[PDB]
């Protein structure tokens, strides 16, 4: 088991500052890029920042929404990643997650922060039953999804529990069941569950890579009936 554990959230005033931390175990932390992603009811999943390796001079990239306000950093000797958040805005409210590996296999439990253009489209909802084959799709407003978008698929279960399923279009994360597979079909990315099970009732998000940032889809609610 890999473990990621975030901390540092809270209830803050607009204009304030806060620093989040995340400690990793169970994988060679210093060989992987790390990301922060936030979840809000208003905006769904939103990628915030990435930090690359020592060999990349710890290169960083940021969502346009946080550029100049947030700073990502890491300390490989402590297997930790940090997010310094300055000039907080109401729109920064959400649950913050550290995540990485191939490319979003592993997620922490999240830390809540309450402060008081490309579109990726997914089916809002799909209904299936056990033993059926169901395919979820992920479309880009830019045109065709290709292997150069490195499509990822992540599952959210209660309570805001995320697990990465597929990265690099069609690579299953370790320990992910065989019934999950990724593909490209008609210029969309697609997740297929071949033989759906009751426990697969969840929200599924896709994420697409565009040169130096990720854009998450709005999520699909999959109901498994019967």
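Take the two forms, find the largest set of C-alpha atoms that superpose within 1.5 Å, and that set is the rigid core. Numbering follows the first chain given and starts at 1.
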Output the stretch, either 184-192 or 38-46, that has more C-alpha displacement from this form in 7 other deposited structures of this protein following superposition by the rigid core. 38-46
Zero if continuous, otherwise a range: how many residues of the deposited sequence are missing coordinates between residue 127 and residue 128 (none, 1 to 3, 4 to 9, 10 or more)? none
For 75-83 versus 150-158, entry-based mean Cα B-factors point to 75-83
If you average the CA temperature factors over each stretch, which comes out higher, 215-223 or 4-12? 4-12
Per the coordinate record, which of the options 103, 121, 142, 133 holds the highest CA temperature factor? 142
In this crystal structure's PDB entry, the residue among 68, 177, 182, 195 with the greatest CA B factor is 68
When the deposited Cα B-factors of this chain's modelled residues are ordered and cut into thirds, is residue 24 in the lowest, the middle or the highest one? highest
Within-chain third of residue 57 by Cα B-factor, per the entry: highest
Can you work out whether the C-alpha temperature factor of residue 31 puts it in the lowest, middle or highest third of the chain? highest
By the record's CA B-factor, is residue 63 among the lowest, middle or highest third of residues in the chain? middle
Lowest, middle or highest third of the chain for the C-alpha temperature factor of residue 137? lowest
